[PDB]
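Before any questions on binding or motion, here is one chain by itself as structure tokens, the form deposited in one PDB entry.
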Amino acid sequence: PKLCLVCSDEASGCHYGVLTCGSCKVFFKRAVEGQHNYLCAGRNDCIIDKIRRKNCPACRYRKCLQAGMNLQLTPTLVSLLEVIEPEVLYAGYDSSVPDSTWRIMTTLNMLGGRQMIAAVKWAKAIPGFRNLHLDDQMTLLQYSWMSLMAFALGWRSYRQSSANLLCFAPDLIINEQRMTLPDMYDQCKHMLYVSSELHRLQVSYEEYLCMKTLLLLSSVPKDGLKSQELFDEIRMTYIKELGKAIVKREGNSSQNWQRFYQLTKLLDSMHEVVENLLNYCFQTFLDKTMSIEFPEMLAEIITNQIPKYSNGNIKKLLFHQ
């Protein structure tokens, strides 16, 4: 992969004594033939890379000379997760009336409660989860609810735009400008981590479906589950299923391998993202001064959960360490 000694773009040959790409060859020929008394808007040391080579013609021409230039239906397990995926819910927000810190937080609580209605139904339809004991089912959803909603939020934001957004609902998107104000700043930094990594990794839909499942199976009781033997076969099967999705992408064994490493590191870092989103949810729930309203669906989970984090009764599962 010969690199252009001027802009690092894939070189096309040894042009004018220097290994350069097509563009730098013709730029150089033009910069000497034309009188071109090029000016630098900076400090005569602008970085010349493929994207910014258009930027400073004075530094690019300077760099050219410095280099040396001169003259069968059979349903798949993954396709079931795709079919069971719930449809995106609307926040019921009204952009018409002014924006408010109370209105936003409360609307998102109501949307999260409705989203928890589908989170339970979606879990029931997971091949293997319906086999688990009712209290293992009800507890796995309790331990990893914030994980599912934040990952799906990260996914919705990743799919919504390349911009730093938070896409809670199709009718409620908090642009970068709004989430940098102090009222949203610290909490949004954690909500944005997910979409930041989904973009970085270019996570596919089939990779996301397996990852979102592995998140439902990511937090168990510190004294283990009732249907624990069964749980370990379901979890192991979805780990294998994630690898199947990674294969459908590139096909190079080492590429596929590092992709698995990075995606499992992501599933792992989710415990830290949940850890910080729970901290602000518990602070706004227990604070009478706040007035932010939580729906009966979400409030029920929060009341059960706060004494579980205070008593260390959780065994966070990690692919690494």
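One rule holds for the numbers: they count along the sequence shown, beginning at 1. By rigid core we mean the largest C-alpha set that fits within 1.5 Å across both forms.
One more form of this protein, deposited in another entry, exists but is not displayed; see below.
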Query raised in the report: Among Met236, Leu134, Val83, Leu181, which is the residue that shifts its C-alpha 2 Å or more between this form and the one not shown, core superposed?
Result: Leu181
Query - Exceeds or equals 2 Å, Cα of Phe282 between this form and the one not shown, core fit - result: no
Requested in this report: Taking the rigid core as the superposition reference, indicate whether the CA of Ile306 shifts 2 angstroms or more between this form and the one not shown.
Outcome: no
Report task. Using a superposition on the rigid core, decide whether the Cα position of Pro295 changes by 2 angstroms or more between this form and the one not shown. Result -> no
Report task. Just say closer or farther for the C-alpha distance from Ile51 to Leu165 in the other entry, relative to the shown form; it changes by 3 Å or more. Result -> farther
Query - Shift in CA distance, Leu181 and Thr289, in the other entry relative to the form shown here, given it is 3 Å or more - result: closer
